[PDB]
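Q: Below you will find the structure I want to go over with you.
What follows draws every value from the coordinates through simple rules; no lab data is involved. A quick note on method: Cβ atoms are made from the backbone with ideal geometry, for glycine too, and the neighbour counts reach across all protein chains shown.
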2 protein chains.
Amino acid sequence: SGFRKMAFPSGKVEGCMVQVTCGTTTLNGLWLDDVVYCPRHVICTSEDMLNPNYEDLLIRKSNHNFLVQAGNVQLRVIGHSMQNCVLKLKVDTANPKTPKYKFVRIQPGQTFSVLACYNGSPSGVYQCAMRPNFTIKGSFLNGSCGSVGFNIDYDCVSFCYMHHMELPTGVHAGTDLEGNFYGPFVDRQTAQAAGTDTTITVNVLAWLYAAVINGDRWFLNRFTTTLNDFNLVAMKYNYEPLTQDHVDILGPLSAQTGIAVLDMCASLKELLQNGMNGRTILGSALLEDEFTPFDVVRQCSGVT
Amino acid sequence: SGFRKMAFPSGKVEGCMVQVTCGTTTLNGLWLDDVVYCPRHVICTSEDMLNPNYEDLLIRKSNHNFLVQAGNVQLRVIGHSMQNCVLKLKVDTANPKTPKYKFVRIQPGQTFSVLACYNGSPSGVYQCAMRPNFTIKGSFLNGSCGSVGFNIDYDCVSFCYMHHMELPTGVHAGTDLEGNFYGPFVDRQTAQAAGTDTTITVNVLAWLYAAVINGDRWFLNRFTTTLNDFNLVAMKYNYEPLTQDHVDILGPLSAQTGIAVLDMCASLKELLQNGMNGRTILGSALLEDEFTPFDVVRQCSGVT
Ligand SMILES: *CCC(=O)N(c1ccc(C(C)(C)C)cc1)[C@@H](C(=O)NC1CCOCC1)c1cccnc1
Ligand SMILES: *CCC(=O)N(c1ccc(C(C)(C)C)cc1)[C@@H](C(=O)NC1CCOCC1)c1cccnc1
């Protein structure tokens, strides 16, 4: 028993982190097979930040200008290309520690683990969610760019995020491993305000099911609701609308606990309307939304 | 910027996890050099749980009764011994992935990462604290015993915890790597109630400093206090007494922010007396106590 914000074991990803330097900028790269992936802003200087023309800046760079170091050993760069907002540096050596991997583009509400790195070296691992406004609330300092987000299914690492920047509001933006930003963000030092950070309703419900499985049941009430009634309350509280797809996804949790999804929605509706009254659920005084129904099932079943 | 409950990268510890089976019980072991460490309750059956005599039960076990598997390959057990509540299984092969390591016995209030494992396979990593009542609030299911807690200093892993059991209240108890339980707990299926789970005051203050560094400053007030005045309030709220050692340890955070430790104590005193009023600090609606001053400095400076 017990329920924690759990990250995937990071070893498979640690074996892929390298340092990439171009000019005076040093950030992280992800070395898979004979390609090193990194944010294209590694080619930017102090005067490029504001309005960079990446194609023009890249013309002035050759393979030897990209310094890639894996541990304390230098990798030889034999090719380079820009794909959207990432650079792909072809090296002459396949990463011997390359795990089985996929590149996936996640949807908002989905969670993943981040291996925060500096100078190609791992500093820590934590669990994130892609917010509904396509930002992530991470913990990244200068030099953390190129750190990646991932999920693991048995022995296959699905990379879903590469860190690129911090918005002036302290929230984070990045791309998938094809270099496409999540949301409307651009790799430029300009005014980029994030949209409404709504709560991921299906994740809150999954976490309420995790709480029941763990003995925290005080919030269970004698009520039920409908999807339309619940959604009127969800809109009022900046919660994402709940769909029948979300109800279906919560099916295993509803089955395990014997609590119908709409009954849990009625509990969540009362928690939104009445508050917690100074009480806690799974050691939290707010409704946690960075656990998907899949995460709850996985943690409550011990998938390795 | 941003502040997350961050665990150490787990790769160095993943390389040490093995499966240990004795009779019908299978749990995890930690393989360092040519020794595999695991909870001694691996030798217990259904009728042993209630009042086991470990020395007597161990007499009926030989080296060949301990099945140790590292990945899909079997390790040959050439010796076994009991040290306090852990068994040490000498194998004929040194773990080739043994990192530089130490065994440390931590104090209450100290944090560490847990690599939760099942069948010798890692499932997840999360950050814990040794509570002042010597329990940990982890996330462990049946078969998670032998999962370990650790801290990392550059390339040296300091193992501090090995999971042994769950108390009837859903909190966890375990030993250091010498087999000595933290707190008064015993590896027996008996009434073991935990003491008062007080809040780790110095950690809450460290996290309030992390909040200021990250721009969350609404809770800063125009007041100050003394150690004795603050401690009268801390006692009332089941917070641990703050000592001059704790003030000294918070010195770097006080220096970086320019907020005297006693001024932060006065902010914490008002938060205890007035509550949060529906506000949040670093995305939390309660005062977080599982970040030490060292963790705050490390995360805010990017130590790899
Ligand atoms: C990894 C580089 C870095 O530290 N940061 C960064 C990223 C991108 C740029 C470009 C060239 C695209 C402008 C520059 C610097 C920052 C970062 O994103 N800083 C922003 C702060 C708000 O104004 C715009 C620049 C970084 C800091 C902390 C965390 N992650 C990235
Ligand atoms: C790893 C073994 C296991 O799953 N658990 C366990 C541990 C120790 C025992 C002895 C032989 C010492 C009695 C038995 C079983 C449990 C566990 O600790 N269960 C307890 C629940 C409360 O009553 C006492 C037995 C375990 C479950 C979940 C997490 N960690 C351990």
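Q: Looking at (1) more than 16 Å from ligand 2 (Cβ to nearest atom); (2) away from every other protein chain (no Cβ under 14 Å), find the lone condition where B:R188 falls short.
A: (1)
Q: Among the residues of the stretch A:6-15, which ones are under 18 Å from the mean Cα position of the chain (by Cα) and not basic (K, R)?
A: Let us first name the residues in the stretch A:6-15 that are under 18 Å from the mean Cα position of the chain (by Cα), namely A:6-14.
Scanning the stretch A:6-15 gives A:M6, A:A7, A:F8, A:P9, A:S10, A:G11, A:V13, A:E14.
Q: All but one of (1) more than 14 Å from chain A (Cβ to nearest Cβ); (2) of a type in the set (D, E); (3) closer than 27 Å to A:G278 by Cα hold for B:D289; which doesn't?
A: Tallying (1) more than 14 Å from chain A (Cβ to nearest Cβ); (2) of a type in the set (D, E); (3) closer than 27 Å to A:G278 by Cα, B:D289 fails exactly one: (1).
Q: On to the next question. What's the number of the only condition in (1) outside any helix (DSSP H, G or I); (2) loosely packed, with under 15 Cβ neighbours inside 10 Å; (3) of a type in the set (A, V, I, L, M, F, W, C) that A:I259 fails to meet?
A: The single condition A:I259 does not satisfy is (2).
Q: Being farther than 13 Å from A:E14 by Cα, without any contact (Cβ under 8 Å) to a residue 60 or more places away in the chain and in a strand (DSSP E or B) is the filter here, so list the residues in the stretch A:121-157 that pass it.
A: Listed by number, the residues that qualify are A:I136, A:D153, A:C156.
Q: Now for a different question. Restricting to the stretch B:117-140, and then to whatever is at the interface with another protein chain (Cβ under 7 Å from one of its Cβ atoms) and in contact with a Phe, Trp or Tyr (Cβ under 7 Å, 6 or more places away or on another chain), can you tell me which residue is farthest from ligand 2 (Cβ to nearest atom)?
A: So the residue we want is B:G124.
Q: Here's something else I'd like to know. Of the conditions (1) surrounded by 15 or more Cβ atoms within 10 Å (Cβ to Cβ); (2) within 14 Å of chain A (Cβ to nearest Cβ); (3) among the β-branched types (V, I, T), B:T224 satisfies every one except a single condition; which number is it?
A: Among (1) surrounded by 15 or more Cβ atoms within 10 Å (Cβ to Cβ); (2) within 14 Å of chain A (Cβ to nearest Cβ); (3) among the β-branched types (V, I, T), the lone unmet condition for B:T224 is (2).
Q: Turning to a different aspect of this structure: Consider the stretch A:271-299. How many of its residues are more than 24 Å from A:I106 (Cβ to Cβ) and in contact with a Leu (Cβ under 6 Å, 6 or more places away or on another chain)?
A: 1
Q: Which of the residues that make up the stretch A:35-55 are loosely packed, with under 10 Cβ neighbours inside 10 Å and not small (G, A, S)? It would help to see each step written out before you state the result.
A: Of all residues in the stretch A:35-55, those loosely packed, with under 10 Cβ neighbours inside 10 Å come to A:46-47, A:51, A:53, A:55.
A:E47, A:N51, A:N53, A:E55 - these are the residues of the stretch A:35-55 that are loosely packed, with under 10 Cβ neighbours inside 10 Å and not small (G, A, S).
Q: Please verify whether A:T98 is of a type in the set (S, T, N, Q), away from chain B (no Cβ under 14 Å) and touching a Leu at 6+ places or on another chain (Cβ under 6 Å), treating the condition exactly as stated.
A: Answer is yes for this residue.
Q: In addition: Would you confirm whether or not the stretch B:278-290 contains a residue that is among the acidic types (D, E) and part of a helix (DSSP H, G or I)?
A: Scanning the stretch B:278-290, I find no residue that is among the acidic types (D, E) and part of a helix (DSSP H, G or I), so the answer is no.
Q: Report yes if some residue within the stretch B:9-24 is within 16 Å of ligand 1 (Cβ to nearest atom) and over 18 Å from A:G11 (Cα atoms); otherwise report no. Give the steps one after another, and end with the answer.
A: Filtering the stretch B:9-24 for residues within 16 Å of ligand 1 (Cβ to nearest atom) gives none.
No, the conditions are met nowhere in the stretch B:9-24.
Q: List the number of the failed condition for A:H163; all other conditions in (1) of a type outside the set (K, R); (2) more than 14 Å from every other protein chain (Cβ to nearest Cβ); (3) within 16 Å of ligand 1 (Cβ to nearest atom) hold.
A: The number of the failed condition is (2).
Listed here are the residues, each with its yes/no results for (1) near ligand 1 (Cβ under 9 Å from one of its atoms); (2) on the phi > 0 side of the Ramachandran plot.
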| position | (1), (2) |
| --- | --- |
| A:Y126 | no, no |
| A:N133 | no, no |
| A:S144 | yes, no |
| A:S147 | yes, no |
| A:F150 | no, no |
| A:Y154 | no, yes |
| A:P184 | no, no |
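Q: For the stretch B:135-163, how many residues are under 16 Å from A:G302 (Cβ atoms) and in contact with a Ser or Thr (Cβ under 6 Å, 6 or more places away or on another chain)?
A: Counting residues in the stretch B:135-163 that are under 16 Å from A:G302 (Cβ atoms) and in contact with a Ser or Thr (Cβ under 6 Å, 6 or more places away or on another chain) gives 1.
Q: May I ask you to list the residues in the stretch B:101-120 that are assigned to a loop (DSSP other than H, G, I, E, B) and in contact with a strand residue (DSSP E or B) (Cβ under 6 Å, 6 or more places away or on another chain)?
A: B:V104, B:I106, B:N119, B:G120
Q: Could you say which residue among B:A210, B:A194, B:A206 is outside any strand (DSSP E or B), within 16 Å of ligand 1 (Cβ to nearest atom) and out of contact with any strand residue (DSSP E or B) (no Cβ under 6 Å at 6 or more places or on another chain)?
A: Details: B:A194 fails: within 16 Å of ligand 1 (Cβ to nearest atom); B:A206 fails: within 16 Å of ligand 1 (Cβ to nearest atom).
Only one candidate qualifies: B:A210.
Q: Looking only at the stretch B:158-181, how many residues end up being assigned to a loop (DSSP other than H, G, I, E, B), among the hydroxyl-bearing types (S, T, Y) and crowded, with 23+ Cβ neighbours inside 10 Å?
A: 0
Q: Let me ask something else about it. Restricting to the stretch A:101-116, give me the number of residues that are within 12 Å of chain B (Cβ to nearest Cβ) and either surrounded by fewer than 17 Cβ atoms within 10 Å (Cβ to Cβ) or farther than 19 Å from A:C156 by Cβ (or both).
A: Residues flagged as within 12 Å of chain B (Cβ to nearest Cβ) and either surrounded by fewer than 17 Cβ atoms within 10 Å (Cβ to Cβ) or farther than 19 Å from A:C156 by Cβ (or both) within the stretch A:101-116 amount to 1.
Q: Separate question: Filter the stretch A:267-281 for residues that are in contact with an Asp or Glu (Cβ under 9 Å, 6 or more places away or on another chain) and more than 10 Å from chain B (Cβ to nearest Cβ) and give the result.
A: The first filter runs over the stretch A:267-281 and keeps only residues in contact with an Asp or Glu (Cβ under 9 Å, 6 or more places away or on another chain), leaving A:269, A:280-281.
Passing the criteria: A:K269, A:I281.
Q: Does the stretch A:50-73 include one or more residues that are touching an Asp or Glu at 6+ places or on another chain (Cβ under 8 Å), within 12 Å of A:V35 (Cα to Cα) and not hydroxyl-bearing (S, T, Y)?
A: There is no residue in the stretch A:50-73 that is touching an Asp or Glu at 6+ places or on another chain (Cβ under 8 Å), within 12 Å of A:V35 (Cα to Cα) and not hydroxyl-bearing (S, T, Y).
Q: Anything in the stretch B:244-258 that is of a type outside the set (D, E) and within 16 Å of B:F230 (Cα to Cα)? List them, or say none.
A: Those that are of a type outside the set (D, E) and within 16 Å of B:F230 (Cα to Cα): B:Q244, B:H246, B:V247, B:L250.
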